[PDB]
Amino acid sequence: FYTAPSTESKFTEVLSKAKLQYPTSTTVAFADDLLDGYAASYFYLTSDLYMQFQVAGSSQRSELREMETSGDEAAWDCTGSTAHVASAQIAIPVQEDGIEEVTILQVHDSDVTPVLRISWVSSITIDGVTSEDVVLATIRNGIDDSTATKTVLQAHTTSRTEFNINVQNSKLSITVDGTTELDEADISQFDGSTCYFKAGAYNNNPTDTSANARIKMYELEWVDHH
């Protein structure tokens, strides 16, 4: 009894340029499946026209992964001259008890490393400063370095919020409701990698493995500019 996100034309293009992974990295719906009305408890259209992602369990996900309309996986040069831009209007609900971090947007390399995660966190401590209930950017310092540089982007609100990721040359910027919150962070550690965007709900380190992470997107797109 779930309504498909494909019923809203504002999602046709991104769905044509995506596949849906749930609950792990395996694809459950390709672009053609999505466009043909795919819907489930973990991926459906709400009555006020949000595409909602929901998932339980540690490191489990309900996530769109950027594709080309040709059926090729997106695999653009992470630090190339062509700009890559993802734009989303996201409402992050108050998360269920036991949910501690939910990744909502990513730039990921074509192997095993997230270049950027934008996530909601219950708490984070950065350079001795603890912030509660915030949206965070995490940029990995390298493929062979498990550490990352973290930047608080926004105090969590349930209100619909515009996120924009702009990747061009070896730099990455993030705007939140029109304000630059990460200005040309260096991602040269991904020279020679290829990359793609992701969007959805990726449940990181929950304390209750049965609780559902839940994220809603009112608009979503990813584009190239040459």
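The first residue of the shown sequence is 1; numbering continues from there.
**Q** Averaging the C-alpha B factors as listed in the entry, name the stretch that ends up higher: 150-158 or 133-141.
**A** For C-alpha atoms only, the mean B-factor is higher in 150-158.
**Q** Read off the CA B-factors in the entry, average them over 69-77 and over 102-110, and name the higher stretch.
**A** Higher of the two, by average CA B-factor, is 69-77.
**Q** According to the deposited entry, which of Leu64, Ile165, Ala40, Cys195 has the largest Cα B-factor?
**A** Of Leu64, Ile165, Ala40, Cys195, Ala40 has the highest C-alpha B-factor.
**Q** Per the entry, which of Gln21, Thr207, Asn204, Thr12 tops the list for Cα B factor?
**A** Answer, based on the entry's C-alpha B-factors: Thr207.
**Q** Relative to the other modelled residues of the same chain, rank the CA B-factor of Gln52 and answer lowest, middle or highest third.
**A** It belongs to the lowest third of the chain when residues are ordered by C-alpha B-factor.
**Q** Using the temperature factors of the C-alpha atoms in this entry, rank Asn212 within its chain: lowest, middle or highest third.
**A** Middle third of the chain for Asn212's C-alpha B-factor.
**Q** In terms of the chain's CA B-factor thirds, is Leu220 lowest, middle or highest?
**A** It falls in the bottom third of the chain.
**Q** Sort the modelled residues of this chain by their C-alpha B factor and say whether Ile126 lands in the lowest, middle or highest third.
**A** Highest third, going by the recorded CA B-factors of the chain.
**Q** Split into thirds by Cα B-factor across the chain's modelled residues, where does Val94 land: lowest, middle or highest?
**A** For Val94, the deposited C-alpha B-factor lands in the middle third.
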